[PDB]
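Asker: Give me the fold of what follows.
(4 chains)
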Amino acid sequence: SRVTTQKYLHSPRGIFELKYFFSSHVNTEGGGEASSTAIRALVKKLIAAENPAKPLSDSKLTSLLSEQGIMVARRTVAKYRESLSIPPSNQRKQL
Amino acid sequence: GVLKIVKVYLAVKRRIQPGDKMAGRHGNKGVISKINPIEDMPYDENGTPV
DNA sequence: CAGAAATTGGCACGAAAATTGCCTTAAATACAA
DNA sequence: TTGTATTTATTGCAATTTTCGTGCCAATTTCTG
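Answerer: Residues are numbered from 1 along each chain as shown, chains lettered A, B, ... in the order given. Pasting the structure now:
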């Protein structure tokens, strides 16, 4: 806990906090676990490719994720989206 | 800390004009002062200008 | 028109995870009696 | 011979706080009859 405080690591991808690698988890199909920092990337990817006329809601993201066996509740998806600073589904539609 | 480098090359053709410096092989340099039209240059019996 | 279905987020759970303040000496060693 | 002042070795425990995912439900949007 003490060592990893405010020390940076330089990977070819970029510069990280060395505490960015410690993350939470949710259950998965098959008895495994999936990290929250990967579910955030998956949610960002899914939102960044939806139909602009009909944006995906939190239920339509929970159901979409629960076909690769990710087993995430809707409220957790909402928490991840609000952590990513993405407006709700009714505020992303456009003509 | 460097991710990508992009280099762009531009090619331009420079013509001759007054102020450009010309010379020769015997140490006789000079600067162009005028671009004279053809019908003003001196010509010989056959009409070939200089 | 309007009741109903759908969406969203504040607040609340237990459990897990992460922090933070301390036992503010015990045992090997060389020296002296 | 032994008792002792001297010198290393010691980078962990155990409370206490904070954060986790997810359910309840009221307020706001959207939708179909």
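
Asker: Which of the three states applies to the residue in chain B positioned nearest to DNA strand C?
Answerer: Closest residue of chain B to DNA strand C, Cβ to the nearest atom of the strand: residue B:1 (26.9 Å). Quick note: C-beta positions are derived from backbone N, CA and C, even for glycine. Recorded secondary structure, residue B:1: coil (DSSP: H, G, I helix; E, B strand; the rest coil).

Asker: Count the residues that sit near it.
Answerer: Residue B:1 is flanked by 5 other residues according to other Cβ atoms under 10 Å in any protein chain shown.

Asker: I'd say residue B:33 and residue B:17 touch.
Answerer: No: judged on Cβ atoms under 8 Å, residue B:33 makes no contact with residue B:17 at a distance of 10.8 Å.

Asker: that older thread, quick one: the residue of chain B closest to DNA strand C from residue A:19, how far?
Answerer: According to Cβ to Cβ, to the nearest Å, residue B:1 stands 21 Å off from residue A:19.

Asker: do the same with residue B:27
Answerer: Here the criterion is Cβ to Cβ. By it, residue B:27 lies 74 Å from residue A:19.

Asker: Neighbour count for these two, which is higher?
Answerer: The residue with more neighbours, out of residue B:27 and residue A:19, is residue A:19; 14 against 6, by other Cβ under 10 Å.

Asker: Just the C-alphas of stretch A:34-43, formatted as CSV.
Answerer: Backbone C-alpha positions of stretch A:34-43 (Å, rounded to 0.1, in the frame of the first residue of the first chain) are rendered in CSV as follows:
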residue,chain,number,x,y,z
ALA,A,34,-14.0,-9.5,-14.9
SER,A,35,-12.3,-6.2,-13.9
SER,A,36,-14.2,-3.0,-13.6
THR,A,37,-11.5,-1.2,-15.6
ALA,A,38,-12.3,-3.5,-18.6
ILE,A,39,-16.0,-3.2,-18.2
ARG,A,40,-15.6,0.6,-18.4
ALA,A,41,-13.7,0.2,-21.7
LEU,A,42,-16.3,-2.2,-23.1
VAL,A,43,-19.1,0.3,-22.1
